[PDB]
Amino acid sequence: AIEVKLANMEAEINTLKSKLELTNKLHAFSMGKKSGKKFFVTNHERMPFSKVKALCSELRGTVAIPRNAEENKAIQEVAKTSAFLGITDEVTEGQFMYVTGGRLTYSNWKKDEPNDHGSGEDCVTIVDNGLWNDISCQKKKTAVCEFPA
Amino acid sequence: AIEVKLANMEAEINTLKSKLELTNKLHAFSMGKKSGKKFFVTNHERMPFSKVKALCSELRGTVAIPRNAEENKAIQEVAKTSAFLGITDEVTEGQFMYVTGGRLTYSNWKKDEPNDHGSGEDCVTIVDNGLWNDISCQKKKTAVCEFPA
Amino acid sequence: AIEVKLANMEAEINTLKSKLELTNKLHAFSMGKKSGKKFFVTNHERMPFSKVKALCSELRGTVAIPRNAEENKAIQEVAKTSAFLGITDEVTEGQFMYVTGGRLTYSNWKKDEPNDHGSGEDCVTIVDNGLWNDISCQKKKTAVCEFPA
Ligand SMILES: CO[C@@H]1O[C@H](CO)[C@@H](O[C@@H]2O[C@H](CO)[C@H](OS(=O)(=O)O)[C@H](O)[C@H]2O)[C@H](O[C@@H]2O[C@@H](C)[C@@H](O)[C@@H](O)[C@@H]2O)[C@H]1NC(C)=O
Ligand SMILES: CO[C@@H]1O[C@H](CO)[C@@H](O[C@@H]2O[C@H](CO)[C@H](OS(=O)(=O)O)[C@H](O)[C@H]2O)[C@H](O[C@@H]2O[C@@H](C)[C@@H](O)[C@@H](O)[C@@H]2O)[C@H]1NC(C)=O
Ligand SMILES: [Ca+2]
Ligand SMILES: [Ca+2]
Ligand SMILES: [Ca+2]
Ligand SMILES: [Ca+2]
Ligand SMILES: [Ca+2]
Ligand SMILES: [Ca+2]
Ligand SMILES: [Ca+2]
Ligand SMILES: [Ca+2]
Ligand SMILES: [Ca+2]
Ligand SMILES: [Ca+2]
Ligand SMILES: [Ca+2]
Ligand SMILES: [Cl-]
Ligand SMILES: [Cl-]
Ligand SMILES: [Cl-]
Ligand SMILES: [Zn+2]
């Protein structure tokens with residue numbers, strides 16, 4: 001009995017695990033996730049960078065990062081407004097790095113940006129036409145999280 | 001070993017409960033839930049009050065209740081049309097109460113409403129402009145449920 | 001302990017099954033699923049017919065099939081642009097069948113369609129106006145999956 005009951009329960013658990021994964025797939029699909037493409041999502045709430053990082057981390061994601069023009073366009077279409085990107089030069093001025101580590105491989109700065117304006121701007125937002133502008137991390141912009149392809 | 005397998009099962013169940021809660025958190029977020037705010041959802045189906053209340057209940061929610069102007073605006077935007085609110089005066093005519101308890105505090109009544117028109121109107125709907133009107137609970141309005149903050 | 005823990009685990013698994021069921025109901029509702037009606041979902045990605053079939057099967061759904069004018073309109077609203085239907089005449093040229101088997105019980109063919117134009121057209125797409133046109137299965141159309149009522 002015992003061993004049989006246990007084996008049966010292990011079978012149910014694995015079935016439930018598959019069932020949850022299906023739920024996750026269907027959710028992503030319904031939200032527009034494209035096949036083999038990163039899933040970007042927003043609640044359309046504007047908050048300071050620290051909060052954005054906190055929120056995405058809590059959802060086990062990361063602040064959205066465009067690796068190329070294709071992803072930059074996808075992020076733009078999702079936010080529909082100015083949104084923080086997972087890129088900052090907080091650690092070392094002038095040297096932008098992804099919040100997940102690494103230096104920039106792709107950028108789409110606006111005319112005369114980055115300018116580290118005034119007191120200093122260490123964060124980055126994707127604005128009009130998907131162009132970038134560095135801004136104060138304390139400002140409040142749309143939170144856009146990223147999930148695996 | 002039976003105990004090793006049992007210990008693994010506890011870990012599997014725990015891992016699963018955590019993943020399921022993450023799936024719930026991501027869904028809410030993707031549905032527009034703002035941090036520390038209750039969120040509203042609708043399938044855009046029109047139905048009499050009894051069915052909205054029942055439906056929201058089986059989803060572990062409640063028929064939408066605007067506790068203030070911000071929330072009133074949030075419900076209006078989600079609903080897009082006339083929707084039932086979780087407010088009625090079925091228990092004592094003239095005394096509006098929340099479906100979950102308590103006397104109505106914040107209100108956004110239209111001019112000359114509530115009027116318990118004709119044979120009577122005990123339910124409440126939020127109309128296109130966000131104002132409220134009391135109506136028959138048998139009328140079919142959009143089903144909007146709210147889930148805790 | 002062993003038998004007590006084993007019994008509790010059974011209770012834990014059943015509780016999780018109920019929770020996931022609920023998560024599934026809430027998601028369907030959030031996506032506009034109406035009571036007693038099938039629901040169609042799309043990520044708005046264009047792909048060849050074989051890919052749509054593969055994707056819907058992976059979501060445990062089927063490629064969208066309109067059984068009447070109501071569902072035909074429903075699918076059209078969801079897709080927003082030309083999408084594949086789960087109908088093809090791949091088995092026997094001229095004999096359109098559901099991907100789920102059987103002859104069509106309802107059709108909305110545009111004038112002089114289906115015509116197996118040129119090199120051949122064995123798949124079907126619901127155009128922007130709801131009418132049907134048979135087209136090449138290799139063309140990229142919007143993926144719309146169907147789930148039961
Ligand atoms: C003079 O005051 C107005 O008189 C109208 C005619 O009696 C009222 O409208 C009627 O309301 C009926 C509801 O009992 C019914 O409406 S329903 O179909 O929407 O249920 C009648 O068809 C309708 O003519 C009017 O009531 C207000 O507008 C109605 C459309 C309805 O929304 C009511 O709930 C409103 O109170 C009434 N207006 C006022 C301000 O007294
Ligand atoms: C019922 O099974 C399916 O029948 C279809 C109709 O015959 C097959 O498609 C046809 O395949 C032909 C070659 O066999 C030819 O395609 S080709 O030009 O690419 O050669 C016809 O134009 C085409 O309509 C279908 O075959 C499969 O799909 C084809 C598009 C092609 O990729 C073939 O290699 C495939 O086998 C066939 N499906 C299967 C799974 O056999
Ligand atoms: Ca700096
Ligand atoms: Ca800087
Ligand atoms: Ca700047
Ligand atoms: Ca009354
Ligand atoms: Ca009166
Ligand atoms: Ca009344
Ligand atoms: Ca009234
Ligand atoms: Ca053919
Ligand atoms: Ca051919
Ligand atoms: Ca054909
Ligand atoms: Ca054709
Ligand atoms: Cl800064
Ligand atoms: Cl009533
Ligand atoms: Cl074809
Ligand atoms: Zn979902």
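Indexing begins at 1, ligand by ligand and atom by atom, following the structure's order. Chain identifiers are assigned alphabetically (A, B, ...) following the order of the sequence lines, protein sequences preceding nucleic acid strands; residue numbering begins at 1 within each chain.
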Any non-hydrogen protein atom less than 4.0 Å away from [atom]:
| atom | result |
| --- | --- |
| atom 39 (C) of ligand 1 | yes |
| atom 16 (O) of ligand 1 | no |
| atom 23 (C) of ligand 1 | no |

field: Proximity of C:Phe96 and C:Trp109 rings by center, below 6.0 Å
entry: yes

Any side-chain donor near an acceptor of the partner, A:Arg46 and A:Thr81, under 3.5 Å: no

message: Tell me whether B:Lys37 is salt-bridged to B:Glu70, with the criterion being a basic N under 4.0 Å from an acidic carboxylate O.
response: yes

field: Ion pair check, B:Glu58 and C:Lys25, cut-off under 4.0 Å
entry: no

field: Best match, B:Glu113, B:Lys139, B:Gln138: closest heavy atom to atom 18 (O) of ligand 1
entry: B:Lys139

field: Proximity of B:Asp134 to ligand 1 by residue part, where a heavy atom lies under 4.0 Å
entry: backbone

message: Does any N or O of ligand 1 fall below 3.5 Å from an N or O anywhere on B:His117, backbone included?
response: yes

- prompt: Hey, are the side chains of C:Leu55 and A:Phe29 touching, using non-hydrogen atoms and a 4.5 Å cut-off?
  reply: yes

message: Nearest 10°: the angle subtended at the Ca ion (ligand 3) by A:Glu93 OE1 and A:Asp122 OD2?
response: 130°

